[PDB]
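Colleague: Sharing a structure, written as structure tokens. Questions coming.
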Amino acid sequence: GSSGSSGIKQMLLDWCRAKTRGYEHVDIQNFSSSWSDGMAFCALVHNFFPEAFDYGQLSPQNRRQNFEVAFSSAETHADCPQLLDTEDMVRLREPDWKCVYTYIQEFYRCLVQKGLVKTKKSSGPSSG
């Protein structure tokens with residue numbers, strides 16, 4: 001049927017939910033429009049560091065606040081690099097998945113070191 005045995009693009013989507021489980025007015029299904037509202041990003045973060053910023057405090061109407069806050073809240077103690085362009089994200093009817101995906105992969109790098117995500121070591125062949 002389809003090619004590619006494994007796919008990071010999958011574990012990424014399935015993961016986000018695991019951390020965004022329960023969150024109201026939220027549902028991660030794809031990096032197409034699921035992150036066009038703004039709340040999405042925030043939620044995912046709030047989960048890790050809720051005290052860092054208030055979730056229910058933000059609003060869905062705010063296209064920037066949701067984004068910015070979501071970004072800053074991280075840089076706080078996660079000092080994560082801001083790749084996405086909130087400014088461009090706003091005007092853009094939908095957040096280019098090609099980009100959103102990058103962030104998720106990036107942040108997942110800071111968390112691991114932060115001590116939030118406990119990844120495993122799968123001893124296998126050399127892929128590099």
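So you can find residues: chains in the structure tokens are A, B, ... in the order shown, residues in each start at 1, and ligands are numbered from 1 in order.
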For segment 21-53 of chain A against segment 102-110 of chain A, with a cut-off of 10 Å and counting only C-alpha atoms, what is the closest atom pair and its distance in Å to one decimal for every residue that makes the cut, ordered by chain and number, as a Markdown table?
Modeller:
| residue | atom | partner | partner_atom | distance |
| --- | --- | --- | --- | --- |
| A:41 | CA | A:104 | CA | 9.5 |
| A:44 | CA | A:104 | CA | 9.9 |
| A:45 | CA | A:107 | CA | 9.7 |
Colleague: Enter the distance from atom CA of residue 19 of chain A to atom CA of residue 90 of chain A, in Å, rounded to one decimal.
Modeller: 24.5 Å
Colleague: When you look at residue 10 of chain A with a cut-off of 12 Å (counting only C-alpha atoms), what residues show up, excluding the ones that are within fewer than 3 positions of it in the same chain? I need them as a PDB file with N, CA, C and O atoms, in the first residue's frame.
Modeller:
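Writing done, so here's out32.pdb:
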ATOM      1  N   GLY A   4       7.345   3.731   3.398  1.00  0.00           N
ATOM      2  CA  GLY A   4       7.805   4.237   4.679  1.00  0.00           C
ATOM      3  C   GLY A   4       7.293   3.414   5.844  1.00  0.00           C
ATOM      4  O   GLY A   4       6.119   3.500   6.205  1.00  0.00           O
ATOM      5  N   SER A   5       8.174   2.614   6.434  1.00  0.00           N
ATOM      6  CA  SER A   5       7.804   1.767   7.563  1.00  0.00           C
ATOM      7  C   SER A   5       7.369   2.613   8.756  1.00  0.00           C
ATOM      8  O   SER A   5       6.264   2.452   9.275  1.00  0.00           O
ATOM      9  N   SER A   6       8.247   3.514   9.186  1.00  0.00           N
ATOM     10  CA  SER A   6       7.956   4.383  10.320  1.00  0.00           C
ATOM     11  C   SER A   6       7.745   5.822   9.862  1.00  0.00           C
ATOM     12  O   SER A   6       8.179   6.211   8.779  1.00  0.00           O
ATOM     13  N   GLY A   7       7.073   6.610  10.697  1.00  0.00           N
ATOM     14  CA  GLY A   7       6.815   7.998  10.361  1.00  0.00           C
ATOM     15  C   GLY A   7       6.723   8.884  11.587  1.00  0.00           C
ATOM     16  O   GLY A   7       5.794   8.754  12.385  1.00  0.00           O
ATOM     17  N   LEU A  13       1.805  13.688  16.120  1.00  0.00           N
ATOM     18  CA  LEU A  13       0.388  14.000  16.274  1.00  0.00           C
ATOM     19  C   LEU A  13      -0.218  13.224  17.438  1.00  0.00           C
ATOM     20  O   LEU A  13      -0.970  13.775  18.242  1.00  0.00           O
ATOM     21  N   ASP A  14       0.116  11.940  17.524  1.00  0.00           N
ATOM     22  CA  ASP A  14      -0.392  11.088  18.592  1.00  0.00           C
ATOM     23  C   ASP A  14       0.126  11.551  19.951  1.00  0.00           C
ATOM     24  O   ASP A  14      -0.540  11.376  20.971  1.00  0.00           O
ATOM     25  N   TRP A  15       1.315  12.142  19.955  1.00  0.00           N
ATOM     26  CA  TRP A  15       1.921  12.629  21.188  1.00  0.00           C
ATOM     27  C   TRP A  15       1.218  13.890  21.679  1.00  0.00           C
ATOM     28  O   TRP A  15       0.720  13.935  22.804  1.00  0.00           O
ATOM     29  N   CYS A  16       1.182  14.911  20.830  1.00  0.00           N
ATOM     30  CA  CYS A  16       0.540  16.173  21.180  1.00  0.00           C
ATOM     31  C   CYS A  16      -0.742  15.930  21.971  1.00  0.00           C
ATOM     32  O   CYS A  16      -0.974  16.558  23.004  1.00  0.00           O
ATOM     33  N   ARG A  17      -1.572  15.016  21.477  1.00  0.00           N
ATOM     34  CA  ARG A  17      -2.831  14.693  22.136  1.00  0.00           C
ATOM     35  C   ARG A  17      -2.587  14.180  23.552  1.00  0.00           C
ATOM     36  O   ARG A  17      -3.203  14.651  24.508  1.00  0.00           O
ATOM     37  N   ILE A  28      -6.459  17.858  18.622  1.00  0.00           N
ATOM     38  CA  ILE A  28      -5.386  17.717  17.647  1.00  0.00           C
ATOM     39  C   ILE A  28      -5.673  16.579  16.673  1.00  0.00           C
ATOM     40  O   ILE A  28      -5.691  15.410  17.058  1.00  0.00           O
ATOM     41  N   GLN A  29      -5.896  16.930  15.410  1.00  0.00           N
ATOM     42  CA  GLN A  29      -6.181  15.938  14.381  1.00  0.00           C
ATOM     43  C   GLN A  29      -5.210  16.073  13.212  1.00  0.00           C
ATOM     44  O   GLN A  29      -4.919  15.099  12.518  1.00  0.00           O
ATOM     45  N   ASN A  30      -4.712  17.287  12.999  1.00  0.00           N
ATOM     46  CA  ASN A  30      -3.776  17.549  11.912  1.00  0.00           C
ATOM     47  C   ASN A  30      -3.176  18.946  12.036  1.00  0.00           C
ATOM     48  O   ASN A  30      -3.792  19.849  12.601  1.00  0.00           O
ATOM     49  N   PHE A  31      -1.970  19.116  11.503  1.00  0.00           N
ATOM     50  CA  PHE A  31      -1.288  20.404  11.554  1.00  0.00           C
ATOM     51  C   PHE A  31      -1.728  21.299  10.400  1.00  0.00           C
ATOM     52  O   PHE A  31      -0.913  21.994   9.794  1.00  0.00           O
ATOM     53  N   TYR A 101       5.109  21.562  12.015  1.00  0.00           N
ATOM     54  CA  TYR A 101       5.787  20.300  12.292  1.00  0.00           C
ATOM     55  C   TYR A 101       7.193  20.544  12.831  1.00  0.00           C
ATOM     56  O   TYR A 101       7.632  19.888  13.776  1.00  0.00           O
ATOM     57  N   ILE A 104       7.135  21.608  16.675  1.00  0.00           N
ATOM     58  CA  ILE A 104       6.871  20.442  17.508  1.00  0.00           C
ATOM     59  C   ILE A 104       8.135  19.612  17.706  1.00  0.00           C
ATOM     60  O   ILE A 104       8.449  19.198  18.822  1.00  0.00           O
ATOM     61  N   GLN A 105       8.856  19.372  16.616  1.00  0.00           N
ATOM     62  CA  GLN A 105      10.087  18.592  16.671  1.00  0.00           C
ATOM     63  C   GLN A 105      11.166  19.332  17.454  1.00  0.00           C
ATOM     64  O   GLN A 105      11.951  18.718  18.177  1.00  0.00           O
TER      65      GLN A 105
END
Colleague: Need the shell around residue 66 of chain A: protein/DNA/RNA residues with any atom at most 8 Å away, counting only C-alpha atoms. Skip same-chain ones fewer than 3 positions apart. Format as a list in words?
Modeller: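 Everything that qualifies: residues 37, 38, 39, 41, 42, 58, 59, 60, 62, 63, 69 and 70 of chain A.
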Colleague: Write out as a ChimeraX atom specification the set of residues from chain A that DSSP, computed on the backbone, places in alpha helix (DSSP H).
Modeller: /A:8-19,39-48,63-78,86-91,97-114
